[PDB]
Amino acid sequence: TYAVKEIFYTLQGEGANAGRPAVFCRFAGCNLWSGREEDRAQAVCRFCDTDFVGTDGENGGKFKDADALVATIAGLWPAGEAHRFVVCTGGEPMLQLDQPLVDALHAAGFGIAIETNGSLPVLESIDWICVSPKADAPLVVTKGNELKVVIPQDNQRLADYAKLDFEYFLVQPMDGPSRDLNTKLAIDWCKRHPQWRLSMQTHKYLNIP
């Protein structure tokens, strides 16, 4: 059983795969925030820009098994076209993503990406692992493909993140009332510490889902 907020076909807006066509599968629920506004100020992760509460979005629902979810995912892909790619997100996808879903996605020809806060162990048969550490939460995933850090956060040891085992190290400006401010901070950080690259939320500039 999977509880999914929404499933939609678009371009990956963020990270090293930005611009790439992908089905997004947004799981409902997170382990660092209830998703309720009354709880935000007290949450472990307090800056979230996403609605992940419930199963009422586009193609959202409770899926009885893996095959059912994969059928909905595959159905959104253009007919006759390869390069199938799904981004498992949320919410915190590692609350629900399991080996049977991964195996069924692969069997259907999908490459698999995950967006995870890094507080839960990941399945290493996932093809692309993106970890986005929250400064007040534990980080138990210390290796993957890209480490995408949202900045600024209090209590952050930003330069130390570079000692972890990732292919790409990215900073992403925190969206909110200070986005242009944070974008200037993030550009300056990379230029001073060029191991790091800038990840924009391009879908917000493109105004696409």
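Sequential numbering from 1, following the sequence displayed.
Relative to one another, 84-92 and 100-108 have unequal mean CA B-factors, and 100-108 is the one with the higher figure. Just going by the entry, 48-56 versus 167-175 on mean CA temperature factor gives the higher value to 48-56. As recorded in the PDB entry, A159 shows the highest C-alpha B-factor of the residues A159, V140, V150, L147. Split the chain's modelled residues into thirds by C-alpha temperature factor. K204 is in the middle one. Among the modelled residues of its chain, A71 has a C-alpha B-factor that falls in the highest third according to the deposited record. Among all modelled residues in this chain, the alpha-carbon of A79 has a temperature factor (C-alpha) in the highest third.
When the modelled residues of the chain are ordered by C-alpha B-factor, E115 sits in the lowest third.
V122 sits in the middle third of its chain by CA B factor, as recorded in the PDB entry.
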